[PDB]
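Next up is one chain by itself, shown in structure tokens, the form deposited in one PDB entry.
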């Protein structure tokens, strides 16, 4: 699929330019005649498959400029655009929609005098500077600072382009070879060799940068609709589970996190997809996550664009939000059903936080046959309500709520709200917009305020002038003609400034506890479903804990019987073989105990492990444990452990749940403080 350039006769297009691989192509722009020859020479070495070349010739005499001349510059810019496939990528995106993925400039013969480089960079900077940020989008031919030749271990040469590289090599590798350096300023009038070297080098590098790309009904809906309970979709669950797996207590790049997460969770989608998910989980601008479980340590996206301006995976870092473990309590980990794939086991079918994360953060998604949208709600409300269900009291009603947001929400019909921003009249014909309805991005407004200012076609402009003094808030100051101000009162200030947006609860759908796609009919319907299962699982947690305690109590009990039976001579071990002494133990009823501390009481015959245990807990004890103080202590422990077991059993599932909710409430106060403080 070759998009082809027809209007530019002087272009020598790459064979793959404008195709699926166009992003992998470099368009070599040359300045003046000599630059071109050199380009061509470098070109011969690398092939015309991934390299295009277009010349912008000229020069003339002097370095001067006073009488102007831009008919040229304008058109030169046009060429680069058409040729590279610009005006074809949406700002903030990546390189895929372009004819060329790079732009190399060749400036030469005279002083750097790149009337180009300046212009190129300049225009790049005021037109689609988002490109200008991409790794090595912009390239420039430069000659090596030092060349190195190696005689022995093998036979090859190394070209360095700056001291740091040379120096790091000299300190870390030089010693492993016999070599001599060759400071650069040993050339006549032929950069041909050096341009060939540059290209050879560049191609060798890009061949590596670009090698690093890091019926349908069920599959889609699964990956597209969240599971109520934890509010995740498989992709997010894998990240969370992954973070819990390696202990995420200190940051690491999201680009290092993604491969780890994919590895341990056999993710079948782009590593780029995961990194995106990690970023989503960490976003914290007003209108994203009410509680971000992942901490955005870097440019993770900003309110102005809704997070598409997030930086690249290799420059940003995340970590577990300190609060995340107070929501997804570690004590429930052993209760989950970890899905099996090949011979691994991955993330749970679902997690069960102490509060319905699906209502805390909300969710949105479109899959085949099914669609969803649940706005976010105030955690503090969710809790007051979980407590109502707990004390069997009527549930209070919950209305969408956004962290850090300050507009106002109003319910019209149940299941439907209208969300308002804020616009005051600060002076006779000067309006100050101090809030936008949540999820309405700061730019989408500016864009529209700009179209009503410099009224670009469609229909007549209508703003005298607009100013933007955004601090960490939103403050657009609008000034209108006495005639337009009064026209806005007729249509309505909020409606005209697009300061209203609706919130529909008409489509709250998510997989219920047994994989079935359900459409809930109320916040409260969702909260209850969750409450019942969560309550059950708190029982499951209690049981799991009491059982370990039970086994401990059992082990100490038998250690006491044993020592007693020995101390007051009813059991003698002094001599007699192994088998005899272990069988005789089985007969007296003493259980074996494996390494997890699980007791076993049956016949260990046939093929006999860790499946049964041993009497190591008895015979492996020290001689010291037959003495008085030790034995007394042994009894003291048995009793303290029995007491520990009782005490636990005296707590209701709800007692525990609430012990957890409280802990969260504390941490959530801290979380909100820290979150606002950084704003």
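Numbering follows the first chain given and starts at 1. Between two forms, the rigid core is defined as the largest C-alpha subset superposing within 1.5 Å.
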**Report entry** residue 214-residue 215 interval: deposited residues absent from the model
**Finding:** 10 or more
**Report entry** Absent coordinates between residue 608 and residue 609 - deposited residues affected, binned into four classes
**Finding:** 10 or more
Query - Stretch with the higher entry mean CA B-factor, where the candidates are 437-445 and 535-543 - result: 437-445
Query raised in the report: Do the CA atoms of 465-473 or those of 192-200 have the higher mean B-factor in the entry?
Result: 465-473
Query - Given 127, 378, 372, 550, the residue at which the Cα B factor reaches its maximum - result: 127
Query raised in the report: So among 55, 52, 58, 47, who wins on Cα B-factor in the entry?
Result: 58
Query raised in the report: Looking at the C-alpha B-factor of residue 405, is it in the lowest, middle or highest third of its chain?
Result: lowest
Report summary line: Entry-reported C-alpha B-factor of residue 69 relative to its chain, by third, is highest
Requested in this report: For residue 89, return the chain-relative third of its C-alpha B-factor as stated in the PDB record: lowest, middle or highest.
Outcome: highest
Query raised in the report: Among the chain's modelled residues, which third holds the C-alpha B-factor of residue 575?
Result: highest
Query raised in the report: In terms of the CA temperature factor given in the entry, to which third of its chain does residue 518 belong: lowest, middle or highest?
Result: highest
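Not pictured, yet referred to below: the form deposited in another entry.
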Report summary line: Out of 171, 536, 472, 468, the position with Cα displaced 2 angstroms or more between this form and the one not shown on rigid-core fit is 171
Query raised in the report: Is it true that residue 84 shifts between this form and the one not shown by 2 Å or more at the Cα, once the core is aligned?
Result: yes
Query - Core-aligned C-alpha movement of residue 664 between this form and the one not shown, 2 Å or more - result: no
Query raised in the report: Taking the rigid core as reference, does residue 251 move its C-alpha 2 Å or further between this form and the one not shown?
Result: no
Report task. Can you tell whether residue 235 sits closer to or farther from residue 271 in the other form than it does here, judged by CA atoms, where the change is 3 Å or more? Result -> closer
Report task. Tell me whether residue 129 and residue 287 end up closer or farther apart in the other form, going by their C-alpha atoms; the shift is 3 Å or more. Result -> farther
